[PDB]
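Content type PDB, C-alpha atoms, from the file target29.pdb:
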```
ATOM      1  CA  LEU A 901     158.490  93.608  72.040  1.00  0.00           C
ATOM      2  CA  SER A 902     155.300  92.368  70.314  1.00  0.00           C
ATOM      3  CA  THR A 903     154.703  90.013  73.229  1.00  0.00           C
ATOM      4  CA  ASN A 904     153.940  93.252  75.087  1.00  0.00           C
ATOM      5  CA  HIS A 905     151.967  95.005  72.336  1.00  0.00           C
ATOM      6  CA  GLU A 906     149.927  91.892  71.582  1.00  0.00           C
ATOM      7  CA  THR A 907     148.760  91.809  75.204  1.00  0.00           C
ATOM      8  CA  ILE A 908     147.894  95.515  75.208  1.00  0.00           C
ATOM      9  CA  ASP A 909     145.756  95.347  72.066  1.00  0.00           C
ATOM     10  CA  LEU A 910     144.067  92.178  73.318  1.00  0.00           C
ATOM     11  CA  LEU A 911     143.327  93.852  76.653  1.00  0.00           C
ATOM     12  CA  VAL A 912     142.023  96.980  74.917  1.00  0.00           C
ATOM     13  CA  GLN A 913     139.655  94.937  72.761  1.00  0.00           C
ATOM     14  CA  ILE A 914     138.220  92.976  75.693  1.00  0.00           C
ATOM     15  CA  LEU A 915     137.852  96.158  77.750  1.00  0.00           C
ATOM     16  CA  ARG A 916     136.027  97.837  74.867  1.00  0.00           C
ATOM     17  CA  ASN A 917     133.568  94.935  74.694  1.00  0.00           C
ATOM     18  CA  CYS A 918     132.723  95.067  78.402  1.00  0.00           C
ATOM     19  CA  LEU A 919     132.326  98.840  78.602  1.00  0.00           C
ATOM     20  CA  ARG A 920     130.085  98.708  75.535  1.00  0.00           C
ATOM     21  CA  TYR A 921     128.015  95.841  76.952  1.00  0.00           C
ATOM     22  CA  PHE A 922     127.203  97.511  80.281  1.00  0.00           C
ATOM     23  CA  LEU A 923     126.941 101.097  78.984  1.00  0.00           C
ATOM     24  CA  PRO A 924     124.334 102.952  81.064  1.00  0.00           C
ATOM     25  CA  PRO A 925     121.576 104.410  78.878  1.00  0.00           C
ATOM     26  CA  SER A 926     122.333 108.031  79.855  1.00  0.00           C
ATOM     27  CA  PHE A 927     126.139 107.910  79.895  1.00  0.00           C
ATOM     28  CA  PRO A 928     127.623 110.837  77.899  1.00  0.00           C
ATOM     29  CA  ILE A 929     130.119 108.518  76.137  1.00  0.00           C
ATOM     30  CA  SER A 930     128.578 106.559  73.243  1.00  0.00           C
ATOM     31  CA  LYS A 931     129.292 103.023  72.064  1.00  0.00           C
ATOM     32  CA  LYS A 932     131.024 104.525  69.023  1.00  0.00           C
ATOM     33  CA  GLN A 933     133.288 106.640  71.242  1.00  0.00           C
ATOM     34  CA  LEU A 934     134.009 103.530  73.322  1.00  0.00           C
ATOM     35  CA  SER A 935     134.866 101.490  70.223  1.00  0.00           C
ATOM     36  CA  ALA A 936     137.250 104.289  69.214  1.00  0.00           C
ATOM     37  CA  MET A 937     139.296 104.358  72.447  1.00  0.00           C
ATOM     38  CA  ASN A 938     143.012 103.566  72.646  1.00  0.00           C
ATOM     39  CA  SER A 939     144.973 102.194  75.602  1.00  0.00           C
ATOM     40  CA  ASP A 940     145.816 105.548  77.180  1.00  0.00           C
ATOM     41  CA  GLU A 941     142.243 106.829  76.859  1.00  0.00           C
ATOM     42  CA  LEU A 942     140.934 103.677  78.540  1.00  0.00           C
ATOM     43  CA  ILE A 943     143.459 104.006  81.364  1.00  0.00           C
ATOM     44  CA  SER A 944     141.960 107.431  82.186  1.00  0.00           C
ATOM     45  CA  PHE A 945     138.368 106.205  81.730  1.00  0.00           C
ATOM     46  CA  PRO A 946     135.860 107.347  84.440  1.00  0.00           C
ATOM     47  CA  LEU A 947     134.859 103.976  85.876  1.00  0.00           C
ATOM     48  CA  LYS A 948     133.403 105.291  89.135  1.00  0.00           C
ATOM     49  CA  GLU A 949     130.867 107.489  87.351  1.00  0.00           C
ATOM     50  CA  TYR A 950     130.263 104.664  84.859  1.00  0.00           C
ATOM     51  CA  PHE A 951     129.203 102.447  87.768  1.00  0.00           C
ATOM     52  CA  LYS A 952     126.998 105.177  89.259  1.00  0.00           C
ATOM     53  CA  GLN A 953     125.078 105.788  86.035  1.00  0.00           C
ATOM     54  CA  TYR A 954     124.704 102.023  85.745  1.00  0.00           C
ATOM     55  CA  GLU A 955     123.134 101.771  89.200  1.00  0.00           C
ATOM     56  CA  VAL A 956     120.707 104.585  88.350  1.00  0.00           C
ATOM     57  CA  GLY A 957     119.740 102.783  85.148  1.00  0.00           C
ATOM     58  CA  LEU A 958     119.226  99.539  87.056  1.00  0.00           C
ATOM     59  CA  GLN A 959     116.939 101.373  89.471  1.00  0.00           C
ATOM     60  CA  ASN A 960     115.001 102.874  86.562  1.00  0.00           C
ATOM     61  CA  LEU A 961     114.763  99.428  84.942  1.00  0.00           C
ATOM     62  CA  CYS A 962     113.562  97.683  88.105  1.00  0.00           C
ATOM     63  CA  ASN A 963     111.124 100.500  88.917  1.00  0.00           C
ATOM     64  CA  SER A 964     109.643 100.152  85.420  1.00  0.00           C
ATOM     65  CA  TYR A 965     108.976  96.415  85.771  1.00  0.00           C
ATOM     66  CA  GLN A 966     107.000  97.010  88.978  1.00  0.00           C
ATOM     67  CA  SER A 967     105.249 100.159  87.711  1.00  0.00           C
ATOM     68  CA  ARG A 968     101.937  98.795  86.403  1.00  0.00           C
ATOM     69  CA  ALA A 969     101.363  96.629  89.480  1.00  0.00           C
ATOM     70  CA  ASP A 970     102.104  99.453  91.929  1.00  0.00           C
ATOM     71  CA  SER A 971      99.772 101.788  90.033  1.00  0.00           C
ATOM     72  CA  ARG A 972      96.971  99.224  90.382  1.00  0.00           C
ATOM     73  CA  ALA A 973      97.679  98.886  94.106  1.00  0.00           C
ATOM     74  CA  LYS A 974      97.637 102.659  94.646  1.00  0.00           C
ATOM     75  CA  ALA A 975      94.193 102.829  93.045  1.00  0.00           C
ATOM     76  CA  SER A 976      93.006 100.096  95.420  1.00  0.00           C
ATOM     77  CA  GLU A 977      94.201 101.964  98.522  1.00  0.00           C
ATOM     78  CA  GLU A 978      92.308 105.138  97.604  1.00  0.00           C
ATOM     79  CA  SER A 979      89.180 103.069  96.983  1.00  0.00           C
ATOM     80  CA  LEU A 980      89.955 101.316 100.265  1.00  0.00           C
ATOM     81  CA  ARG A 981      90.098 104.702 101.991  1.00  0.00           C
ATOM     82  CA  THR A 982      86.643 105.742 100.792  1.00  0.00           C
ATOM     83  CA  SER A 983      85.079 102.307 101.339  1.00  0.00           C
ATOM     84  CA  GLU A 984      86.444 102.106 104.884  1.00  0.00           C
ATOM     85  CA  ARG A 985      85.113 105.633 105.431  1.00  0.00           C
ATOM     86  CA  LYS A 986      81.548 104.868 104.300  1.00  0.00           C
ATOM     87  CA  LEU A 987      81.785 101.661 106.333  1.00  0.00           C
ATOM     88  CA  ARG A 988      82.359 103.796 109.436  1.00  0.00           C
ATOM     89  CA  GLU A 989      79.474 106.140 108.582  1.00  0.00           C
ATOM     90  CA  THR A 990      76.985 103.335 107.940  1.00  0.00           C
ATOM     91  CA  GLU A 991      78.031 101.461 111.089  1.00  0.00           C
ATOM     92  CA  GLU A 992      77.414 104.635 113.109  1.00  0.00           C
ATOM     93  CA  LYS A 993      73.940 105.022 111.600  1.00  0.00           C
ATOM     94  CA  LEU A 994      73.441 101.312 112.242  1.00  0.00           C
ATOM     95  CA  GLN A 995      74.365 101.624 115.931  1.00  0.00           C
ATOM     96  CA  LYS A 996      72.174 104.708 116.431  1.00  0.00           C
ATOM     97  CA  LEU A 997      69.098 103.017 114.958  1.00  0.00           C
ATOM     98  CA  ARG A 998      69.623 100.041 117.279  1.00  0.00           C
ATOM     99  CA  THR A 999      69.957 102.179 120.415  1.00  0.00           C
ATOM    100  CA  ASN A1000      66.956 104.291 119.356  1.00  0.00           C
ATOM    101  CA  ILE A1001      64.803 101.244 118.568  1.00  0.00           C
ATOM    102  CA  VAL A1002      65.206 100.474 122.302  1.00  0.00           C
TER     103      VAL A1002
ATOM    104  CA  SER B 900     160.408 101.065  77.051  1.00  0.00           C
ATOM    105  CA  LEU B 901     159.086  97.780  78.409  1.00  0.00           C
ATOM    106  CA  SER B 902     158.309  99.707  81.614  1.00  0.00           C
ATOM    107  CA  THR B 903     155.767 102.056  80.007  1.00  0.00           C
ATOM    108  CA  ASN B 904     154.601  98.851  78.319  1.00  0.00           C
ATOM    109  CA  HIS B 905     154.545  96.874  81.566  1.00  0.00           C
ATOM    110  CA  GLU B 906     152.802  99.801  83.277  1.00  0.00           C
ATOM    111  CA  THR B 907     150.162 100.019  80.548  1.00  0.00           C
ATOM    112  CA  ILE B 908     149.478  96.318  81.043  1.00  0.00           C
ATOM    113  CA  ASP B 909     149.144  96.669  84.832  1.00  0.00           C
ATOM    114  CA  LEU B 910     146.744  99.624  84.597  1.00  0.00           C
ATOM    115  CA  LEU B 911     144.705  97.899  81.916  1.00  0.00           C
ATOM    116  CA  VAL B 912     144.662  94.704  83.977  1.00  0.00           C
ATOM    117  CA  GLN B 913     143.513  96.614  87.054  1.00  0.00           C
ATOM    118  CA  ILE B 914     140.671  98.360  85.223  1.00  0.00           C
ATOM    119  CA  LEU B 915     139.548  95.061  83.729  1.00  0.00           C
ATOM    120  CA  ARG B 916     139.623  93.448  87.182  1.00  0.00           C
ATOM    121  CA  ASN B 917     137.464  96.246  88.590  1.00  0.00           C
ATOM    122  CA  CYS B 918     134.945  95.922  85.751  1.00  0.00           C
ATOM    123  CA  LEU B 919     134.638  92.150  85.923  1.00  0.00           C
ATOM    124  CA  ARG B 920     134.373  92.328  89.717  1.00  0.00           C
ATOM    125  CA  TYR B 921     131.595  94.931  89.690  1.00  0.00           C
ATOM    126  CA  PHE B 922     129.309  92.944  87.387  1.00  0.00           C
ATOM    127  CA  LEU B 923     130.356  89.460  88.535  1.00  0.00           C
ATOM    128  CA  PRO B 924     127.195  87.327  88.563  1.00  0.00           C
ATOM    129  CA  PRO B 925     126.561  85.981  92.063  1.00  0.00           C
ATOM    130  CA  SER B 926     126.960  82.333  91.049  1.00  0.00           C
ATOM    131  CA  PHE B 927     129.998  82.594  88.783  1.00  0.00           C
ATOM    132  CA  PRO B 928     132.555  79.807  89.418  1.00  0.00           C
ATOM    133  CA  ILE B 929     135.297  82.478  89.421  1.00  0.00           C
ATOM    134  CA  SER B 930     135.302  84.451  92.672  1.00  0.00           C
ATOM    135  CA  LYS B 931     135.978  88.123  93.263  1.00  0.00           C
ATOM    136  CA  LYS B 932     139.126  87.014  95.075  1.00  0.00           C
ATOM    137  CA  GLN B 933     140.290  85.010  92.049  1.00  0.00           C
ATOM    138  CA  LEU B 934     139.435  87.940  89.789  1.00  0.00           C
ATOM    139  CA  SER B 935     141.386  90.441  91.889  1.00  0.00           C
ATOM    140  CA  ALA B 936     144.596  88.418  91.424  1.00  0.00           C
ATOM    141  CA  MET B 937     144.229  87.345  87.780  1.00  0.00           C
ATOM    142  CA  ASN B 938     147.126  88.329  85.528  1.00  0.00           C
ATOM    143  CA  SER B 939     147.016  89.413  81.876  1.00  0.00           C
ATOM    144  CA  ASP B 940     147.073  85.900  80.408  1.00  0.00           C
ATOM    145  CA  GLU B 941     144.318  84.779  82.789  1.00  0.00           C
ATOM    146  CA  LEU B 942     142.104  87.746  81.893  1.00  0.00           C
ATOM    147  CA  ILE B 943     142.713  87.414  78.149  1.00  0.00           C
ATOM    148  CA  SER B 944     141.445  83.811  78.298  1.00  0.00           C
ATOM    149  CA  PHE B 945     138.603  84.710  80.671  1.00  0.00           C
ATOM    150  CA  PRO B 946     135.277  83.028  79.764  1.00  0.00           C
ATOM    151  CA  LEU B 947     133.327  86.182  78.978  1.00  0.00           C
ATOM    152  CA  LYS B 948     130.607  84.492  76.949  1.00  0.00           C
ATOM    153  CA  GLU B 949     129.329  82.579  79.969  1.00  0.00           C
ATOM    154  CA  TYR B 950     129.998  85.612  82.178  1.00  0.00           C
ATOM    155  CA  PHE B 951     127.715  87.741  79.999  1.00  0.00           C
ATOM    156  CA  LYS B 952     125.089  84.994  79.824  1.00  0.00           C
ATOM    157  CA  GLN B 953     124.975  84.411  83.582  1.00  0.00           C
ATOM    158  CA  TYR B 954     124.651  88.172  84.034  1.00  0.00           C
ATOM    159  CA  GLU B 955     121.546  88.310  81.841  1.00  0.00           C
ATOM    160  CA  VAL B 956     120.021  85.406  83.774  1.00  0.00           C
ATOM    161  CA  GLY B 957     120.681  87.213  87.045  1.00  0.00           C
ATOM    162  CA  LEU B 958     119.319  90.489  85.688  1.00  0.00           C
ATOM    163  CA  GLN B 959     116.165  88.755  84.477  1.00  0.00           C
ATOM    164  CA  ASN B 960     115.701  87.036  87.840  1.00  0.00           C
ATOM    165  CA  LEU B 961     116.046  90.419  89.543  1.00  0.00           C
ATOM    166  CA  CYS B 962     113.380  92.167  87.468  1.00  0.00           C
ATOM    167  CA  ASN B 963     111.055  89.164  87.744  1.00  0.00           C
ATOM    168  CA  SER B 964     111.361  89.423  91.534  1.00  0.00           C
ATOM    169  CA  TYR B 965     110.556  93.148  91.509  1.00  0.00           C
ATOM    170  CA  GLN B 966     107.434  92.391  89.459  1.00  0.00           C
ATOM    171  CA  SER B 967     106.313  89.541  91.696  1.00  0.00           C
ATOM    172  CA  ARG B 968     106.738  91.514  94.895  1.00  0.00           C
ATOM    173  CA  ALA B 969     104.750  94.221  93.120  1.00  0.00           C
ATOM    174  CA  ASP B 970     102.032  91.780  92.079  1.00  0.00           C
ATOM    175  CA  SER B 971     101.734  90.301  95.587  1.00  0.00           C
ATOM    176  CA  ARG B 972     101.419  93.768  97.121  1.00  0.00           C
ATOM    177  CA  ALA B 973      98.664  94.609  94.626  1.00  0.00           C
ATOM    178  CA  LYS B 974      96.812  91.346  95.311  1.00  0.00           C
ATOM    179  CA  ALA B 975      96.871  91.918  99.074  1.00  0.00           C
ATOM    180  CA  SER B 976      95.528  95.439  98.575  1.00  0.00           C
ATOM    181  CA  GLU B 977      92.738  94.171  96.315  1.00  0.00           C
ATOM    182  CA  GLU B 978      91.630  91.532  98.824  1.00  0.00           C
ATOM    183  CA  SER B 979      91.631  94.136 101.594  1.00  0.00           C
ATOM    184  CA  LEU B 980      89.445  96.211  99.274  1.00  0.00           C
ATOM    185  CA  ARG B 981      87.244  93.173  98.614  1.00  0.00           C
ATOM    186  CA  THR B 982      86.486  92.463 102.276  1.00  0.00           C
ATOM    187  CA  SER B 983      85.869  96.137 103.042  1.00  0.00           C
ATOM    188  CA  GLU B 984      83.461  96.343 100.098  1.00  0.00           C
ATOM    189  CA  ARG B 985      81.876  93.157 101.461  1.00  0.00           C
ATOM    190  CA  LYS B 986      81.467  94.501 105.008  1.00  0.00           C
ATOM    191  CA  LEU B 987      79.971  97.683 103.537  1.00  0.00           C
ATOM    192  CA  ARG B 988      77.411  95.589 101.653  1.00  0.00           C
ATOM    193  CA  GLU B 989      76.455  93.576 104.744  1.00  0.00           C
ATOM    194  CA  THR B 990      76.175  96.611 107.036  1.00  0.00           C
ATOM    195  CA  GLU B 991      74.349  98.685 104.416  1.00  0.00           C
ATOM    196  CA  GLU B 992      71.864  95.818 104.095  1.00  0.00           C
ATOM    197  CA  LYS B 993      71.279  95.670 107.864  1.00  0.00           C
ATOM    198  CA  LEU B 994      70.832  99.446 107.852  1.00  0.00           C
ATOM    199  CA  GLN B 995      68.085  99.244 105.228  1.00  0.00           C
ATOM    200  CA  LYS B 996      66.327  96.394 107.032  1.00  0.00           C
ATOM    201  CA  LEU B 997      65.952  98.441 110.239  1.00  0.00           C
ATOM    202  CA  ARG B 998      64.892 101.476 108.178  1.00  0.00           C
ATOM    203  CA  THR B 999      61.699  99.659 107.191  1.00  0.00           C
ATOM    204  CA  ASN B1000      61.378  98.367 110.800  1.00  0.00           C
TER     205      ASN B1000
END
```
Turn this file's structure into structure tokens for me.
Amino acid sequence: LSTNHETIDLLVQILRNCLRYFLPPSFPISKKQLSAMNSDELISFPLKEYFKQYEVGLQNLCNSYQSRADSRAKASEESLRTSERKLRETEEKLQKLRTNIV
Amino acid sequence: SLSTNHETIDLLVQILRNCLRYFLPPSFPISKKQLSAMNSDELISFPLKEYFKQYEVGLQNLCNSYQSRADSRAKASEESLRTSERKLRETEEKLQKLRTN
């Protein structure tokens, strides 16, 4: 009917562009494979997994941005553990010497 | 037939709705409700270029927030380390004063 087939091709092109744009980094279907998909193949596309792999990638992306800062903080806590420990030990020694200086 | 054609359009329109809804930037002037009802002509003339742009802005804002929450948590830990290292200095000093006394 042409008026029908024009819409289908137009919808297939747009849908290709989106699925390529948001392609998760690990997804087993490549941008080439996506660019090569027809209408029927798109209709049976696995969107729910597509979204899942996207969410994983987003988590990996966000975790990477805050990776250097968290590593610096973790180093500070371990140093904080030892410094707070020696602070206890010296305060004990300090309180003994005061009681034993009468 | 035009049925298998009209069915292909409906299924393709539904998939496209689901995609555009999932990634819809939070601020986009077109709502998830509007998207869910859009027909084929409405989707074909959808303003994707701004849609994609507003997504990148939102994505950037998200990562920048993750890095600022991370920086603030590191700064608070450093300052807690600073004061503890300070109190260790002051008490270690007092300890050495009494050691001579």
Rounded to one decimal in Å, what is the spacing between CA of residue 925 (chain B) and CA of residue 957 (chain B)?
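Separating CA of residue 925 (chain B) from CA of residue 957 (chain B) is a distance of 7.8 Å.
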Select all residues from chain B having any atom no more than 8 Å from an atom of chain A (counting all atoms listed in the file, ignoring ligands), output as an NGL selection string.
:B and (901 or 904-905 or 907-908 or 910-912 or 914-915 or 918 or 939 or 943 or 961-963 or 965-967 or 969-970 or 972-974 or 976-977 or 979-980 or 983-984 or 986-987 or 990-991 or 993-994 or 997)
For the file shown, report as number ranges by chain the outcome of the PyMOL selection byres ((chain A and resi 924) around 10) at residue level.
A: 919-923, 925-930, 950-958
I'd like the interatomic distance between CA of residue 937 (chain B) and CA of residue 949 (chain B), to a tenth of an Å.
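Atom-to-atom, CA of residue 937 (chain B) to CA of residue 949 (chain B), that is 17.5 Å.
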Please compute the CA of residue 942 (chain B)-CA of residue 916 (chain B) distance, one decimal, in Å.
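Computed distance, CA of residue 942 (chain B) to CA of residue 916 (chain B), equals 8.2 Å.
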Using only C-alpha atoms: which of B:952, B:917, B:989, B:922 has the shortest distance to residue 935 (chain B):
B:917
If we count all atoms listed in the file, what is near residue 953 (chain B) at a cut-off of 10 Å, once residues fewer than 2 positions away on the same chain are taken out, given as a list in words?
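Answer for this query is residues 923, 924, 925, 926, 927, 947, 948, 949, 950, 951, 955, 956, 957, 958 and 959 of chain B.
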Selected residues, C-alpha atoms, written as a PDB file, keeping the file's coordinate frame, please.
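See again.pdb below for the written result:
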```pdb
ATOM      1  CA  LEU B 923     130.356  89.460  88.535  1.00  0.00           C
ATOM      2  CA  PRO B 924     127.195  87.327  88.563  1.00  0.00           C
ATOM      3  CA  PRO B 925     126.561  85.981  92.063  1.00  0.00           C
ATOM      4  CA  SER B 926     126.960  82.333  91.049  1.00  0.00           C
ATOM      5  CA  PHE B 927     129.998  82.594  88.783  1.00  0.00           C
ATOM      6  CA  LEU B 947     133.327  86.182  78.978  1.00  0.00           C
ATOM      7  CA  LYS B 948     130.607  84.492  76.949  1.00  0.00           C
ATOM      8  CA  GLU B 949     129.329  82.579  79.969  1.00  0.00           C
ATOM      9  CA  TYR B 950     129.998  85.612  82.178  1.00  0.00           C
ATOM     10  CA  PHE B 951     127.715  87.741  79.999  1.00  0.00           C
ATOM     11  CA  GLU B 955     121.546  88.310  81.841  1.00  0.00           C
ATOM     12  CA  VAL B 956     120.021  85.406  83.774  1.00  0.00           C
ATOM     13  CA  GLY B 957     120.681  87.213  87.045  1.00  0.00           C
ATOM     14  CA  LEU B 958     119.319  90.489  85.688  1.00  0.00           C
ATOM     15  CA  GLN B 959     116.165  88.755  84.477  1.00  0.00           C
TER      16      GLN B 959
END
```
